[PDB]
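Structure first, commentary second.
Ideal geometry is used to build each Cβ from the backbone, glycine not excepted, and the neighbour counts take in all protein chains shown. Only the coordinates and a few stated rules stand behind these numbers; no lab work does.
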Amino acid sequence: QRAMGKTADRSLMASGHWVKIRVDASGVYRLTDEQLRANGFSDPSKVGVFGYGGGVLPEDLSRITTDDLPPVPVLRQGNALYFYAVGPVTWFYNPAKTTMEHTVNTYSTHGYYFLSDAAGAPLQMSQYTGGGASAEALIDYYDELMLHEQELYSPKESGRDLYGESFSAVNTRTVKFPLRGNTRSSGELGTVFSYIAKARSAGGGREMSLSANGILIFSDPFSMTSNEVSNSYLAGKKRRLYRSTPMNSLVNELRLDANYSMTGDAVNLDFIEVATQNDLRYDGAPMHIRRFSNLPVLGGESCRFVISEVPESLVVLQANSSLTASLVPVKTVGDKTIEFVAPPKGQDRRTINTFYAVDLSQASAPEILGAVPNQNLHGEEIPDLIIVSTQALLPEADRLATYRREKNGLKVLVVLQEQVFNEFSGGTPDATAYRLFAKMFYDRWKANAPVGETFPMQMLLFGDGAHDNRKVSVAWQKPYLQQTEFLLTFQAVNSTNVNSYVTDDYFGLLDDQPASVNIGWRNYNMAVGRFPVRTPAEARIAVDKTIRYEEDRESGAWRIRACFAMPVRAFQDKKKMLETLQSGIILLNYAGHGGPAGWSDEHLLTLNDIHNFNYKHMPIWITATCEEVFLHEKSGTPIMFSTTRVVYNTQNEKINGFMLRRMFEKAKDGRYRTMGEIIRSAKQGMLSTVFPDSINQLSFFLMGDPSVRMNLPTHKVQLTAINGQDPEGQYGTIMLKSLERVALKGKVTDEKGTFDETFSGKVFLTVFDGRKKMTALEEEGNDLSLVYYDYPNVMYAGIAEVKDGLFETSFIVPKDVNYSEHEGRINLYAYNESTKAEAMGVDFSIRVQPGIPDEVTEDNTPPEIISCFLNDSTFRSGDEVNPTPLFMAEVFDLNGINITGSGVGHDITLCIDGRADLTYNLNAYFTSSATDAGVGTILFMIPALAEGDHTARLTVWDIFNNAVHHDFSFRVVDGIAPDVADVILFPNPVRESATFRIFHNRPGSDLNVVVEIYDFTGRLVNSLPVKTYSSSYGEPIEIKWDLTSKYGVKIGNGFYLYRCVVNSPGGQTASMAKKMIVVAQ
Amino acid sequence: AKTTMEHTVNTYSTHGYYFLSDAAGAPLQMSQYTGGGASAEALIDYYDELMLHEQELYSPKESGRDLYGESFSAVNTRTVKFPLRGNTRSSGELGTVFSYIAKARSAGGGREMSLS
Ligand SMILES: [Ca+2]
Ligand SMILES: [Ca+2]
Ligand SMILES: [Ca+2]
């Protein structure tokens, strides 16, 4: 049909009991009913075996015909079931060398399977059908394969392979193979001897020689040039010697003696495969009967096999795999002698069929690892992001997931790599399991996806990866390194293990392209990114860095602030200048070779060790314009692009990175593309144009969350007039005077600076009288501890409506600090409520000037009572209130309210029923507005008053002695008003910590109150909860705040909105939002 | 002050290290105790056997040099059994130093740590 497309809508693992088991050797294993009952299988009759085993999945996806959990055929005796398991070593036929060769599973040390009742019943094994009717030959022996292989050393560069025993010190190493009963005394001894060698000196009489039981098999000459010895990357010549040697008297043990003639060289044995000619006779041990040597028949032609000494508790399975195991129907031909007819080799002339003869009385249990929870990855909806995590790292992964789900609004799926292996490789670790899991969604998406649209999903490998995936090499032997779980690494091995590069791009190759297309030339369908973190501490740091990046809105305005002109100019080859504004340069990080050959191999074991994780050196350049284009490096983006291999151009010119002329072009959604997609399209574009520049074929790592967007504004806020003057291009030019009403006007534009009439919502803006500057407190001591005058005074802070791209507001300059030289600062942040889009701007055109001391006796205008309420904002004079009302009043005088104390009746006072008995000095309850010049606020809890009508007068005086009165009435009704509270922030602006003092109307009573903080986009930063009690005695409550967000990250500088809510039983009463400015973050 | 003896855990080591060596030439021979006074102002019928329950489980970095043990976050009651040995007297004064740390998650409330 061109591809496979039977991805199940629901996994088998979604229900029933599941128990993971494993093997370390191919053979028949057995599970008794007692063992099954003992592992939770209430009814053992319903249990079946599932999975693939060891032996890797094909990288040619078309060859994978199965999906979800494949049922394994099983033989069932009385109170036990049997199945043929497959270990990590598996063998294939090489028609050139007319022999069989082995293959070690790079990802696993074992073949994992599953036991489950979910089935309803086991898949009963069937009779073998391929057994031909007529045999073209009667066979007297089969080929017994054996394999000596020590996975000791792992040179990162060489390949996917590990190497064994060294001949550096020991010039002769002996390997003994046990020869088993049915081995023939005399016959041809087939041997594949694989080793690697790098000479320490040039030329010389160097030779690797093998002799079995004293008979010399071969003597291989080895040599190297002065330039080959002098090279660092050469790192050894791999050699594989095939050969059949007629041998005599091979009976109990086969002693192989490998000798390298020279001491001091870097020479290691990889493995020895040994193939003996054995009789078809049961020798008290199961036998994998295979026949390829001296074949007297053609591919697909049948042969009569006759085994003697069989115990008849023995069966013969034709088992090339676990999923294809079939019971060979035999016939008895004599005492303990059975016969069957079958093809030793397939009709394809590339397959050697395996006939496993085994005495089922001797079969024993596999390794029962235990029960596994139900799962259903197959039934998941197509997410935006897939986070594949290790166990330890899971809550830190889920934290990032929750952040992405909440802030970025997107479907994110978190899974454990174990889970992926369970549903995509029958529980066995395999790099292809990741790829298949992704492919499941890709295929699903493609079905209904419109023509032209690219696959939107992304994958985040939340974990570090080891080059030696099995952690079997000597360097890995160490409990931390051992007991840590890593994600798999995929190593793109080229033709005949010449070179190899480790890559995560493999996981994003989900198309149904043909097998002729190598891993290098296939289409990168899905963006993949990795956080090479080992421990949760590492992980939290990564996630915190990624979260804080998106939230620090002020870091993104620094790249937009570059309008004053490591700025390197790029020499390349109105509408032309517009394309260069959207351009960007990514520079590759080149992970070096820090160690003298052997060090690197013993100490640089994982991706993290190689590509040093801590996002390092200038990675992303933005090309800016006011030939040679000027480009600047901006904002510490969590992402890092890393390679080890170096890449050159025409005539060895080293490639430092790439430039995307359309990097910062916004998508249909009006947002920039995610780094993941930017890189994906980039990567995809390098193979798409590898016809003109064939020499290069670079692969690099996206180390970071692929869902990260460059913190760079989509829209900018631009002031157009300040007190009538045009501020664009001006620095400390527009003069503002103390107590002067300043009128502001501005617009909202796109990133290119074009006016955006579609932008309509609110704009938040804070005005400082100067700039933050380091100040050293001097003295006649050489040491001078220093601060930041982190109090450029806030002149004004407020919100304004933005209609059809524009806005206008005004404010009064406070009578405050103007000794500051140079410019002031206006921060602006706009939010378009409908598109949820954010705009930002910074202006330095204002400069404050000295307020001359004239018209000082002019303030004859008394303070203005802006508002004066009890409990709620909806209070008219004479309304029904409770015996302890919460008195709130906003007040205003241009020259300030007198809090001084004493000096006749100059105090702020509340005199209930014109009696000294009930006259309250409210100087201690007044809090001057840090945000609105001349404004102040009184907040007091009126002590208990008796039921009935009452009257009260608020009197407030200013510094210039002018007074004002405000009379109002209220009826006290016992238990009528709702519960409500208000809060004041001390200090404001906020530097390091914030304190919230809450006042309420129900004293001496418990109440659920909470202080809520919001950002200019309206999103809740956090909700600090508090409980009052009988122990307060009508005293306000205080809350200290460390400025940490709901995601456990410190908030950045900016305009926030604080308020408090009282969670009563019958409803929830909130207070008025109040401006909060943060400055020392 | 508390007219009792208190313990102290070596923060840097789990063991007491020593050395064996012939370098000496001969061992330092232990001497007889001299401080044993000629006349006794009292004949005593018992001594103070000290025991110590201490689990070094949690290490709040801020708090101190000390590690803390068993939590009462989930389990509200934790029992500790000390073996009492032969020469322990059936009846007598039971001296106890009980050290714990506590941060409330809500204000006020009837919270009490009780030993029995
Ligand atoms: Ca190997
Ligand atoms: Ca006045
Ligand atoms: Ca302790």
Worksheet entry | Separation in nanometres of the label points that stand 7 Å from Cα toward Cβ, at B:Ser91 and A:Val629 | 9.7 nm
Worksheet item: Hey, what do the phi angles of the range A:131-146 turn into as Karplus ³J(HN,Hα) couplings, whole Hz, using 6.51/-1.76/1.60 and θ = phi - 60°, x for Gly and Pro?
Response: x, x, 6, 10, 9, 7, 7, 9, 9, 9, 7, 10, 9, 8, 9, 9
Discussion item. Once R0 is set to 35 Å, what does the formula 1/(1 + (r/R0)^6) return for the Cβ-Cβ distance between A:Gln1 and A:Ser313, expressed as a FRET efficiency to the nearest 0.05?
Written reply: 0.20
Item to complete: Which order do the peptides A:1051-1061, A:90-100, A:973-983 take when ranked by the mean count of other beta-carbon atoms within 10 Å per residue, highest first?
Response: A:1051-1061, A:973-983, A:90-100
Worksheet item: Which three semi-axes in whole Å describe the equivalent ellipsoid of the range A:1002-1081, each the square root of 5 times a Cα gyration tensor eigenvalue, listed largest first?
Response: 26, 14, 11
Discussion item. Based only on Cα atoms, what mean projected area does the convex hull of the range A:846-986 have, in nm²?
Written reply: 10.4 nm²
Item to complete: For the range A:744-794 and the range A:116-176, compute the distance between their C-alpha centroids and round to whole Å.
Response: 70 Å
Worksheet item: Sorted from fewest to most neighbouring beta carbons within 10 Å, what does the list A:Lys446, A:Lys336, A:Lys803 look like?
Response: A:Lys803, A:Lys336, A:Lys446
Practice prompt. Set the Förster distance to 22 Å, then compute FRET efficiency between A:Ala515 and A:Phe691 from the Cβ-Cβ distance, nearest 0.05.
Written response: 0.55
Worksheet, complete the sentence: Placing each pseudo-label 7 Å from Cα in the direction of the beta carbon, A:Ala8 and A:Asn227 end up separated by a distance in nanometres of 5.9 nm
Fill in: Packing-based exposure ordering (other Cβ within 10 Å, fewest first) of B:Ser31, A:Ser389
B:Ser31, A:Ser389
Worksheet item: Residue farthest toward the positive end of the dipole of chain A, with Cβ of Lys/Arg at +1 and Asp/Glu at -1: which of A:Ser785, A:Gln483, A:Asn227?
Response: A:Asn227
Item to complete: Going by C-beta contacts inside 10 Å, put A:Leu377, A:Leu784 in order with the fewest on the left.
Response: A:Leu784, A:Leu377
Worksheet item: Magnitude of the Cβ-charge dipole of the range A:116-275, K/R +1 and D/E -1, about the Cα centre, nearest 20 debye?
Response: 540 debye
Worksheet item: Going through the range A:919-1020, which GluC sites (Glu not before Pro) have at most 15 other Cβ atoms within 10 Å and a DSSP loop state?
Response: A:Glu947, A:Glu992
Item to complete: Would you mind putting A:984-990, A:762-768, A:268-274, A:749-755 in packing order, based on average other-beta-carbon counts within 10 Å, highest first?
Response: A:762-768, A:268-274, A:984-990, A:749-755
Item to complete: Starting from the Cα-Cα distance between A:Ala202 and A:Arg304, subtract it from 0.36 nm times their residue separation and give me the gain in nm to one decimal.
Response: 31.1 nm
Item to complete: Report the label-to-label distance for A:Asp783 and A:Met618 in nanometres (one decimal), using points 7 Å from each Cα along the Cα→Cβ vector.
Response: 3.8 nm
Practice prompt. Mind ranking A:462-470, A:994-1002, A:1033-1041 by how tightly packed they are, going by the mean number of other C-beta atoms within 10 angstrom, highest first?
Written response: A:462-470, A:994-1002, A:1033-1041
Response to the item:
The extension gain from A:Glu992 to A:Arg771, computed as 0.36 nm times the residue separation minus the Cα-Cα distance, is 77.7 nm
Worksheet item: To one decimal place, what Kirkwood hydrodynamic radius in Å is obtained for the range A:638-790 from all pairs of distinct Cα atoms?
Response: 21.3 Å
Worksheet item: Averaged over peptide B:106-112, how many Cβ atoms belonging to another chain are found within 10 Å of each residue's Cβ?
Response: 3
Discussion item. What would the Debye equation give as log₁₀ I(q)/I(0) for the range A:26-176 at q = 0.21 Å⁻¹, counting only Cα atoms as equal point scatterers?
Written reply: -1.38
Practice prompt. Normalise the Debye intensity by I(0) for the range A:600-691, one equal point scatterer per Cα, no solvent, then take log10 at q = 0.18 Å⁻¹ and round to two decimals.
Written response: -1.15
Worksheet item: Per 5 Å bin, what percent of the C-alpha pairs of the range A:679-765 does each bin hold, from zero upward?
Response: 3, 9, 13, 12, 11, 9, 9, 8, 7, 8, 5, 3, 2, 1, 0
Discussion item. Are there any trypsin sites (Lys or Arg not before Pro) in the range A:822-886 that are in a DSSP loop and have at most 10 other Cβ atoms within 10 Å? List them by number.
Written reply: A:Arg876
Worksheet item: How large are Rg and Dmax for the range A:343-444 when only the alpha carbon atoms are used, in Å?
Response: 20.1, 63
Worksheet entry | Principal axis dimensions, the range A:868-919 - Cα atoms, whole angstrom, descending | 36, 30, 15
Worksheet item: To the nearest 20 debye, what is the magnitude of the charge dipole of the protein assembly as shown about its Cα centre, counting +1 on the Cβ of each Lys and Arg and -1 on the Cβ of each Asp and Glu?
Response: 3520 debye
Discussion item. Sorted from largest to smallest, which semi-axis lengths in Å does the alpha carbon gyration tensor of chain A give for its equivalent ellipsoid, taking the root of 5 times each eigenvalue?
Written reply: 77, 36, 24
Fill in: Descending semi-axes in Å of the range A:902-963, equivalent ellipsoid built from Cα gyration tensor
24, 15, 9
Worksheet item: What list of ³J(HN,Hα) values in whole Hz, one per residue of the range A:920-929 in order, does the Karplus curve 6.51 cos²θ - 1.76 cosθ + 1.60 (θ = phi - 60°) give from phi, with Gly and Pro shown as x?
Response: 10, 6, 9, 4, 6, 9, 7, 10, 4, 6
